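# A look at the structure
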Amino acid sequence: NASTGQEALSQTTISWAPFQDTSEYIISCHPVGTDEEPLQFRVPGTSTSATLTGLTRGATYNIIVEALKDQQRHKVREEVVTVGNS
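Residues numbered from 1 in each chain as written, not as in the entry; some residues may be left out. Heavy atoms only, no water.

Method information in the entry identifies solution NMR as the source of the structure.

The name given to the chain in the PDB entry is Fibronectin, and the organism recorded there is Homo sapiens. For this structure, the PDB header gives the title as "Solution structure of isolated 15th Fibronectin III domain from human fibronectin".

Here it is as structure tokens:
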């Protein structure tokens, strides 16, 4: 178990370039078109790539990656990606 309502679970392995000694890379998947709330993924501050599960295919997600470093979150990566095949 893990799926709890979303079984149309697509995975986006998004990778970024090492920003250095980040405490947290919060990835912000902002859904476009829907009223879905931004899926925020917190990956380890040394990680430079993350498989993002739970992106609903058919929905556009503006995927942003911000580095939690000295209390703040710095833009590392930003890209709009519609999920599925389109």
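There is more to say, and it comes next.
This part covers the pattern of salt bridges. Evaluated as defined, the whole model comprises 3 salt bridges. Linking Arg42 and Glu24 is a salt bridge whose minimum nitrogen-to-oxygen distance equals 2.6 Å. On the criterion of sequence distance, the pair formed by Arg42 in strand β3 (residues 39-44) and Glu24 in strand β2 (residues 24-32) is long-range, its members being 18 residues apart. Taking the shortest distance from any N to any O, the salt bridge between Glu78 and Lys75 comes out at 2.7 Å. (Salt bridge = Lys/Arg side-chain N within 4 Å of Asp/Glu carboxyl O. Helix = DSSP H or I, 4+ residues; strand = E, 2+ residues; numbered from the N terminus.)

Quick look at unusual backbone geometry now. Even without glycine at this site, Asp21 takes up a positive phi of about 50°. A relative accessible area of 58% places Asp21 in the exposed class. (Buried < 20%, exposed > 50% of the residue type's maximum accessible area, 1.4 Å probe, protein only.)

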